[PDB]
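Residue numbers (the authors' numbering), protein chains in the order written: chain E, 2 to 261; chain I, 2 to 123, 136 to 201; chain G, 1 to 59.
Before any comments, here is the structure.
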Amino acid sequence: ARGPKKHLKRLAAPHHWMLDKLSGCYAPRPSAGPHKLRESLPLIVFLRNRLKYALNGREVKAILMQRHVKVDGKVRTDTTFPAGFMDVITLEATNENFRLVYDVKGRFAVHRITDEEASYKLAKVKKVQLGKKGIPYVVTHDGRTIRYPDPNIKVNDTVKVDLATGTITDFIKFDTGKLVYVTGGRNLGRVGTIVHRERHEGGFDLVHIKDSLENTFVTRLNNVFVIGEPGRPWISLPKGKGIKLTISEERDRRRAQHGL
Amino acid sequence: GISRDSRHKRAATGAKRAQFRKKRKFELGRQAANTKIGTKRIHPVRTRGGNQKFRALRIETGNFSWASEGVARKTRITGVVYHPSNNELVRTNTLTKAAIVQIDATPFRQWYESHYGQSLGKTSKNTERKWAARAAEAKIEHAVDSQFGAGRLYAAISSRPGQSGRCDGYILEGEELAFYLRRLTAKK
Amino acid sequence: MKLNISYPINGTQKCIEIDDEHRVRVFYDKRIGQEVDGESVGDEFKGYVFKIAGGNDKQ
RNA sequence: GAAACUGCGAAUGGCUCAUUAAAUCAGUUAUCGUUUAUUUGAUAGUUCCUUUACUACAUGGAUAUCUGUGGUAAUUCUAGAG
RNA sequence: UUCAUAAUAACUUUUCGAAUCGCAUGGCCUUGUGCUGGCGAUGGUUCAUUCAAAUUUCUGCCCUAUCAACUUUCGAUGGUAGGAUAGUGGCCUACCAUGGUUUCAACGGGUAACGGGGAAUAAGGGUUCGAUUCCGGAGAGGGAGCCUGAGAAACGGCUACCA
Ligand SMILES: [Mg+2]
Ligand SMILES: [Mg+2]
Ligand SMILES: [Mg+2]
Ligand SMILES: [Mg+2]
Ligand SMILES: [Mg+2]
Ligand SMILES: [Mg+2]
Ligand SMILES: [Mg+2]
Ligand SMILES: [Mg+2]
Ligand SMILES: [Mg+2]
Ligand SMILES: [Mg+2]
Ligand SMILES: [Mg+2]
Ligand SMILES: [Mg+2]
Ligand SMILES: [Mg+2]
Ligand SMILES: [Mg+2]
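As structure tokens, this is what we get:
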């Protein structure tokens with residue numbers, strides 16, 4: 002009905018916002034940005050509901066204004082700016098750097114990171130095409146277009162963007178026996194190896210993934226994000242190395258590592 | 002206004018559908034331009050998402066392509082002789098797409114002369142040399158040649174003049190041209 | 001019949017009422033953007049030529 | 001820093017369930033069938049038109065508010081001049 | 001894929017290619033006030049993308065035969081070409097063909113029918129309800145018609161008619 006929608010009801014929000022059912026009718030709708038609405042994570046949520054540096058929206062706004070938050074080197078001032086997967090959130094005071102990565106369960110984890118890694122962003126390849134004047138460009142599944150790419154970078158390949166300038170420093174080819182991260186579905190937040198790649202030339206390629214504990218699962222190709230060569234990831238993965246325990250196992254862990 | 006909705010239609014079964022929702026602006030369709038010949042007059046229309054289509058009510062000139070030779074020239078359109086959809090259009094002189102029209106042809110003739118030097122109906138040294146290098150390539154379909162003699166070439170419009178404002182096409186060649194001629198003859 | 005006289009050279013304006021239809025009869029069936037002499041309007045206005053431009057109906 | 005011009009928004013929200021029975025809608029596809037402000041990336045030495053004296057150290061005319069003259073029983077009515 | 005893209009032909013009542021703003025006041029002397037240069041705002045081209053958008057595939061709706069034939073002059077089903085549209089398409093127009101749906105209920109009638117998530121009940125199976133907090137969809141007394149705009153056939157916009 003008539004043009005774009007501008008609000009978001011609290012229940013209609015992505016569940017991995019971890020937003021509480023009460024204390025409001027509305028949720029912070031991610032503005033038009035680099036990442037998809039449902040796959041994003043607004044700055045407000047990151048600030049208030051994760052790190053707890055702000056108490057309310059006004060506080061968040063104030064924080065933003067003094068030009069201190071930095072999403073991928075660039076500044077940002079939107080409360081509802083949609084930082085998503087692999088995005089580096091740097092705070093100038095505190096000197097903390099964060100990379101937005103998922104965890105074993107599904108939601109965005111607070112993952113503290115060093116300045117040596119915070120310099121670069123890792124990004125999947127969505128499209129490879131020749132643009133105007135015959136100039137080749139690559140499209141990252143995370144927002145960007147990069148002109149004149151290395152011509153053996155194809156779709157689904159992951160790319161090390163140096164972020165400070167925005168040039169491709171290095172890349173990983175999508176292939177069997179390469180460390181992978183799942184970014185959508187039930188298996189989202191899981192880390193694996195790629196055992197096999199089914200095709201079905203028509204609709205949705207399925208990739209078979211084994212983790213470190215020899216525990217195979219299948220996801221769609223567009224949910225699968227390459228991260229390195231097995232055992233050696235290009236980024237630091239969060240605590241619990243994207244592993245997925247069974248519920249009982251988790252409970253046991255909780256019990257046996259008690260230290261109140 | 003004229004709407005392109007499939008709401009007002011009957012279903013596959015022949016069932017008359019009930020009137021759900023009043024007609025929308027995204028369903029809309031505007032009046033026919035039905036362009037005439039003589040003195041250039043082009044009205045812009047604001048479409049969806051900004052953008053302009055150009056209604057070409059009254060057009061005189063047009064640039065037409067000789068696909069064999071590989072050249073196109075701006076030329077006067079003088080009359081619609083045949084239109085596949087409707088004889089009414091022909092009667093009117095309504096310039097549309099796929100209509101068959103008569104072109105001034107003089108520019109084409111001039112071009113030909115410049116190129117080969119052979120002329121249709123009956136200097137420097139470099140030019141002569143060039144001509145020599147060419148030749149025998151200058152033969153053409155007989156029908157075209159005949160037309161040239163009269164001074165008016167048959168061409169088909171391939172632009173949608175109601176959409177672009179631009180009125181453009183291709184000079185009639187080969188089998189298609191022959192077919193068109195036959196059709197014309199039949200009509201007479 | 002009231003009149004709204006404006007002199008653009010000086011940039012000065014005045015409102016002058018007429019109590020007689022004979023003095024206003026000069027304006028009857030005249031169009032906006034026409035030249036009307038002051039002589040027949042008033043014995044006071046002599047050598048004057050008005051441009052009638054704009055006005056208001058009753059109500 | 002009132003006003004006014006310009007920009008942007010007013011198509012979201014809120015309410016209601018009258019219509020509506022392959023319609024809506026649900027899950028599922030598709031756009032190699034299109035439009036898309038905004039967004040975040042991209043991106044344009046070529047506007048010249050002969051090349052011995054040329055606006056570019058920057059071109060033109062308006063119009064709002066305002067100041068004044070009013071119209072109407074009246075309205076978020078607006079004429080005339082500067 | 002007649003794709004992306006490039007190339008030759010020309011066309012065009014020739015779109016765009018910054019006569020725009022704030023704070024900085026830095027660097028070489030050819031010692032002019034010269035040539036320069038920093039961080040930003042707004043803009044602007046096409047391509048991205050994002051928020052969207054129109055359509056769109058397959059499958060699924062409650063009673064009723066005291067509705068068995070229905071659709072096709074006034075588009076019904078298909079073809080061809082055009083027009084129109086943001087674009088696909090009988091969406092509309094011209095010419096042509098005679099199809100399309102149906103006892104595995106078409107079509108018609110009713111609904112004290114908005115659809116769904118769901119709710120009440122509660123061995124298993126079910127039955128009834130869902131105007132209503134979320135998601136779709138409609139509508140702003142009724143019907144039309146449009147302006148502005150990226151987006152409305154908008155009604156705390158306009159134009160008309162009826163009440
Ligand atoms: Mg596909
Ligand atoms: Mg556009
Ligand atoms: Mg305004
Ligand atoms: Mg609404
Ligand atoms: Mg092409
Ligand atoms: Mg067609
Ligand atoms: Mg009802
Ligand atoms: Mg119901
Ligand atoms: Mg309901
Ligand atoms: Mg009711
Ligand atoms: Mg009422
Ligand atoms: Mg309305
Ligand atoms: Mg109201
Ligand atoms: Mg409203």
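From the three backbone atoms N, C-alpha and C, an ideal C-beta is built for every residue, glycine too.
Q) Excluding five sequence neighbours on each side, which residues of the same chain lie with their C-beta closer than 6 Å to the C-beta of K128/E? A) The residue labelled residue 128/E in the question sits at position 127 within the first sequence. Close CB contacts of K128/E within its chain, under the 6 Å cut and outside five residues either way in sequence, are with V140 (chain order).
Q | CA nearest to the CA of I5/G, picked from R25/G, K51/G, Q59/G and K58/G | A | Numbered from its first residue, the third sequence carries residue 5/G at position 5. Answer by Cα proximity: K51/G.
Q: Kindly give me the distance between the Cβ atoms of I43/I and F55/I, rounded to whole angstroms, as I take these residues to be in contact under 8 Å.
A: Along the second sequence, read from residue 1 onward, the residue named residue 43/I stands at position 42. Along the second sequence, read from residue 1 onward, the residue named residue 55/I stands at position 54. Beta-carbon to beta-carbon, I43/I and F55/I are separated by about 5 Å, close enough to satisfy the 8 Å threshold.
Q | Of the listed residues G63/I, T95/I and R31/I, nearest to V46/I (C-alpha basis) | A | Locating residue 46/I in the second sequence gives position 45, counting from the first residue. Answer by Cα proximity: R31/I.
Q | For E61/I, the three-state DSSP class (helix, strand or coil) | A | Locating residue 61/I in the second sequence gives position 60, where the first residue counts as 1. DSSP places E61/I in the coil class of the three-state scheme, outside both helix and strand.
Q: Evaluate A165/E with the Cβ neighbour count: other Cβ atoms within 10 Å of its Cβ, from every protein chain shown; 16 or more gives buried, anything less gives exposed.
A: Within the first sequence, the letter at position 164 stands for residue 165/E. Looking at its Cβ environment, which holds fewer than 16 other Cβ atoms inside 10 Å, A165/E is exposed.
**Q.** Residues sharing a beta bridge with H22/G, DSSP
**A.** Your numbering for residue 22/G matches position 22 in the third sequence. Bridge partners of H22/G: none, in fact.
Q | As assigned by DSSP and simplified to three states, the class of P152/E | A | Residue 152/E sits at position 151 when you count from the first residue of the first sequence. Note: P152/E maps to coil in three-state DSSP.
Q.
When you measure from the CB of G50/I to every non-hydrogen atom of ligand 2, does any distance come out below 8 Å?
A. Here residue 50/I refers to the residue found at position 49 of the second sequence. True, at least one ligand heavy atom lies under 8 Å from that Cβ.
Q: Mind reading off the beta-carbon distance from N50/E to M19/E? Whole number of angstroms is fine, and I expect it under 8 Å.
A: The count along the first sequence starts at 1 and reaches residue 50/E at position 49. The count along the first sequence starts at 1 and reaches residue 19/E at position 18. Sure, about 6 Å apart at Cβ, within 8 Å.
Q. So what's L207/E in DSSP terms, helix, strand or just coil?
A. Counted from its first residue, the first sequence places residue 207/E at position 206. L207/E: strand per DSSP, three-state reduction.
(Q) So, with DSSP's three-state summary, where would you put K138/I? (A) Position 125 of the second sequence, counting from 1, holds the residue named residue 138/I. Three-state DSSP puts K138/I in a helix.
Q. How would you call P8/G, buried or exposed, if buried means at least 16 neighbouring beta carbons within 10 angstroms?
A. Position 8 of the third sequence, counted from the start, is the residue given in the question as residue 8/G. So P8/G ends up on the exposed side.
Q: Check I248/E in the structure and name its three-state DSSP category.
A: Against the first sequence, residue 248/E aligns to sequence position 247. The answer is helix: DSSP assigns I248/E an H, G or I state.
Q) When we look at the beta-carbon of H84/I and count the other beta-carbons within 10 Å, is it buried (16 or more) or exposed? A) Translated into the one-based positions of the second sequence, residue 84/I becomes position 83. Its Cβ being crowded by 16 or more others within 10 Å, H84/I is buried.
Q: Take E118/E as the anchor and find which of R254/E, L38/E, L52/E and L101/E has the nearest alpha-carbon.
A: For the purposes of this step, residue 118/E is taken as residue 117 along the first sequence, with counting starting at 1. Of the candidates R254/E, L38/E, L52/E and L101/E, the one whose C-alpha sits nearest the C-alpha of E118/E is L101/E.
Q) How is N50/E classed by DSSP in three states: helix, strand or coil? A) Counting from one through the first sequence, the residue named residue 50/E turns up at place 49. Reduced to three states, the DSSP call for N50/E is helix.
Q) Is the distance from the Cβ of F99/E to the Cβ of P31/E below 9 Å? A) Position 98 of the first sequence, counting from 1, holds the residue named residue 99/E. Position 30 of the first sequence, counting from 1, holds the residue named residue 31/E. Result no, Cβ atoms of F99/E and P31/E do not sit closer than 9 Å.
Q: Determine the extent of the beta strand (DSSP E) in which residue 88/G is found, giving its start and end residues.
A: A query on residue 88/G cannot be resolved here, the shown segment of chain G reaching from 1 to 59 and no further.
Q.
Is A13/E close to ligand 4? I mean its beta-carbon at under 8 Å from any heavy atom of the ligand.
A. As a working note, residue 13/E is residue 12 in the first sequence. The beta carbon of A13/E sits no closer than 8 Å to any heavy atom of ligand 4.
Q. If you draw a straight line from the C-alpha of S237/E to the C-alpha of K24/I, how long is it?
A. On the first sequence, residue 237/E is found 236 positions in, with the first residue counted as 1. On the second sequence, residue 24/I is found 23 positions in, with the first residue counted as 1. Taken atom to atom, the span from the alpha-carbon of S237/E to that of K24/I is near 56 Å.
Q: Classify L214/E as buried or exposed, calling it buried when 16 or more other Cβ atoms lie within 10 Å of its own Cβ.
A: Within the first sequence, residue 214/E is the residue found at index 213, counting from 1. By the 10 Å Cβ count, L214/E comes out exposed.
Q) Beta carbon of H209/E, beta carbon of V196/E: below 9 Å? A) The residue labelled residue 209/E in the question sits at position 208 within the first sequence. The residue labelled residue 196/E in the question sits at position 195 within the first sequence. Cβ distance < 9 Å, so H209/E and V196/E count as in contact.
Q. Expressed to the nearest angstrom, what Euclidean distance is found between the alpha-carbon atoms of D29/G and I18/G?
A. As a position in the third sequence, residue 29/G is number 29, starting the count at 1. As a position in the third sequence, residue 18/G is number 18, starting the count at 1. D29/G and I18/G: Cα-Cα distance of roughly 18 Å.
Q. Can you find at least 3 beta carbon pairs, one from the segment 108-120 of chain I and one from the segment 67-76 of chain I, that sit closer than 8 Å?
A. With a cut-off of 8 Å, the segment 67-76 of chain I and the segment 108-120 of chain I count as touching, because enough Cβ pairs lie within range.
**Q.** Touch test, the segment 184-191 of chain I against the segment 137-149 of chain I, Cβ-Cβ under 8 Å, three pairs minimum
**A.** Counting Cβ pairs under 8 Å, fewer than three are found: no touch.
Q. Can you name the residues that DSSP bridges to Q67/E?
A. As a working note, residue 67/E is residue 66 in the first sequence. None, per the DSSP bridge assignment.
Q: Mind checking who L190/I pairs with in its DSSP beta bridge?
A: For the purposes of this step, residue 190/I is taken as residue 177 along the second sequence, with counting starting at 1. Answer is none; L190/I lacks a bridge partner.
Q: Below 8 Å CB to CB, which residues in the same chain sit around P174/I once its five sequence neighbours on both sides are set aside?
A: On the second sequence, position 161 is the one that residue 174/I refers to. The residues are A34, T36, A57, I60, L96, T97, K98 and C180.
**Q.** Residue from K122/E, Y149/E, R11/E and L123/E whose Cα sits closest to the Cα of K134/E
**A.** As a working mapping, residue 134/E is identified with position 133 in the first sequence. The shortest C-alpha separation from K134/E is found at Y149/E.
Q: Taking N88/I as part of the alpha helix (DSSP H), name the residues at either end of that continuous run.
A: Here the question's residue 88/I lines up with position 87 in the second sequence. Per DSSP, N88/I is one residue of the alpha helix (DSSP H) stretching across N88 to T93.
Q. Taking the continuous alpha helix (DSSP H) assigned at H155/I, which residues delimit it?
A. The residue you call residue 155/I lines up with position 142 of the second sequence. In the DSSP assignment, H155/I falls within the alpha helix (DSSP H) that extends over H155 to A163.
Q.
Here's a check: name, in chain order, each residue in its chain whose Cβ is nearer than 7 Å to the Cβ of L131/E, leaving out the five neighbours to either side.
A. In the first sequence, counting from the first residue as 1, residue 131/E sits at position 130. Scanning its chain for C-beta atoms nearer than 7 Å, with the 5 sequence neighbours on each side dropped, one finds around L131/E the residues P137, in chain order.
Q) Between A151/I and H116/I, is the Cβ-Cβ spacing less than 9 Å? A) Mapped onto the second sequence, residue 151/I falls at position 138. Mapped onto the second sequence, residue 116/I falls at position 115. In this structure, the beta-carbon distance from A151/I to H116/I falls below 9 Å.
(Q) Short of 6 Å in beta carbon distance, which residues of its chain neighbour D105/I, apart from the five on each side in sequence? Order them along the chain. (A) Against the second sequence, residue 105/I aligns to sequence position 104. Once the five neighbours on either side are set aside, the close Cβ partners of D105/I are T76 and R77.
(Q) For ligand 4, is there any heavy atom lying closer than 8 Å to the beta carbon of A169/I? (A) Residue mapping note: residue 169/I aligns to position 156 of the second sequence, counting from 1. No, ligand 4 has no heavy atom inside 8 Å of this Cβ.
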